[PDB]
Amino acid sequence: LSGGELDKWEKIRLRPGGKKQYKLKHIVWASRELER
Amino acid sequence: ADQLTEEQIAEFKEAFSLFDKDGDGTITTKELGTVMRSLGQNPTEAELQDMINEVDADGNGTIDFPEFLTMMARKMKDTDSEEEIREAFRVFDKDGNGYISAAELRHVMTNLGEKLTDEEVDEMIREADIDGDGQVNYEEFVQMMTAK
Ligand SMILES: [Ca+2]
Ligand SMILES: [Ca+2]
Ligand SMILES: [Ca+2]
Ligand SMILES: [Ca+2]
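Chains A and B, in that order, are what the protein sequence lines are. Going by the UniProt record's numbering, the first residue of the first sequence is number 8, and it counts up by one from there. Going by the UniProt record's numbering, the first residue of the second sequence is number 2, and it counts up by one from there.
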C-alpha cells in the first residue's frame, strides 16, 4: 500500500491457484503404449 | 454421489499390476525404473526416489496398492500450487541450468514492469538464498513460492 519491507518476492509467488499434477501419475499415461 | 466403486477401482487396481513385474505388492525403484525405461523415461537416481517419495505415505520407499490408487485419485482436487512452482521455475530458467541468479531474477522482474537494479535484486537473492551459497536454487525457490 505505502511501504515497509521487501514485498517483491510475494509478487513472484502470485495468488493461490493452479493446475494439478503428480510427480509419477503422469507415467501411467505412458503405459497406454505398453501392452497389458 | 462423489465416490468410487469396485467398477472404478477394478480399473486402477489393474494399473498397479502393470507396474508390478514381480507382483510382490510393492513397487520399488528397480521395478519402477525398469517400466519407465520401456516408456522412454530415464530419470536420475535422485529423481526416481523423488517420484516414489511423493506417493510414499507410509515412508517405506515403495508404492503400495492404495498408494498407487490414491495418486490418481488426488487428480480430483488439492495439490496444484506445486505445479506453479515447477512451471514458474522453468519460465524463469533461461539458461535452463536449473538455478536462479541475480542476473536472471533481475530480468524476470523487468517483464513484470518493476524498475529494479543490481543492488535491489541483492535483497531478493539474499532472502531465497537459505544455504547462503550466493544463488537461488530450486529447493529455495520452492520454499519461497510455497511460503510467504
Ligand atoms: Ca514389485
Ligand atoms: Ca509407501
Ligand atoms: Ca537459470
Ligand atoms: Ca542458495
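Built from N, CA and C at the ideal position, the CB exists for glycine as well.
Quiz item: Looking at the C-beta of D81 of chain B, does it have a partner C-beta in chain A at a distance below 9 Å?
Solution: Counting from 1 along the second sequence, the entry for residue 81 of chain B is found at position 80. Yes, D81 of chain B counts as interfacial toward chain A.
Quiz prompt | Contact list for the segment 24-40 of chain A against chain B, Cβ threshold 8 Å | solution = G24, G25, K26, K27, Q28, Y29, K30, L31, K32, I34, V35, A37, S38 and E40
Practice problem: With a threshold of 8 Å, establish whether the CB of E32 of chain B neighbours any heavy atom of ligand 1. | Solution: Along the second sequence, one-based indexing puts residue 32 of chain B at 31. True, at least one ligand heavy atom lies under 8 Å from that Cβ.
Quiz item: Run through DSSP, which three-state label would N138 of chain B get?
Solution: Taking the first residue of the second sequence as 1, we reach residue 138 of chain B at position 137. If DSSP states are grouped into helix, strand and coil, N138 of chain B belongs with the strands.
Quiz item: Does any residue of chain A bring its CB to less than 9 Å from the CB of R91 of chain B?
Solution: Mapped onto the second sequence, residue 91 of chain B falls at position 90. Not one chain A Cβ lies under 9 Å of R91 of chain B.
Quiz prompt | Contact set for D130 of chain B: own chain, Cβ-Cβ below 7 Å, skip 5 residues either direction | solution = In the second sequence, counting from the first residue as 1, residue 130 of chain B sits at position 129. Here the set comprises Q136, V137 and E141.
Quiz item: Mind listing, in chain order, the residues whose beta carbon lies closer than 6 Å to a non-hydrogen atom of ligand 3?
Solution: B:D94, B:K95, B:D96, B:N98, B:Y100, B:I101 and B:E105
Quiz item: Where does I10 of chain B land, buried or exposed, given buried means 16+ other C-beta within 10 angstroms?
Solution: On the second sequence, residue 10 of chain B is found 9 positions in, with the first residue counted as 1. Exposed, because fewer than 16 other Cβ atoms sit within 10 Å of the Cβ of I10 of chain B.
Quiz prompt | Minimum Cβ-Cβ distance from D51 of chain B to chain A less than 9 Å | solution = Position 50 of the second sequence, counting from 1, holds the residue named residue 51 of chain B. Yes, because at least one Cβ of chain A sits closer than 9 Å to the Cβ of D51 of chain B.
Practice problem: Give a yes or no on whether the minimum CB-CB distance between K76 of chain B and chain A is below 9 Å. | Solution: Counting from 1 along the second sequence, the entry for residue 76 of chain B is found at position 75. Yes, because at least one Cβ of chain A sits closer than 9 Å to the Cβ of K76 of chain B.
Quiz item: Is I131 of chain B helix, strand or coil by DSSP?
Solution: Residue numbering aside, residue 131 of chain B sits at position 130 when the second sequence is read from its first letter. Coil, per DSSP.
Quiz item: CB of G62 of chain B to nearest heavy atom of ligand 2: below 8 Å?
Solution: Within the second sequence, numbered from 1, the residue matching residue 62 of chain B stands at position 61. Yes - ligand 2 has a heavy atom lying nearer than 8 Å to the Cβ of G62 of chain B.
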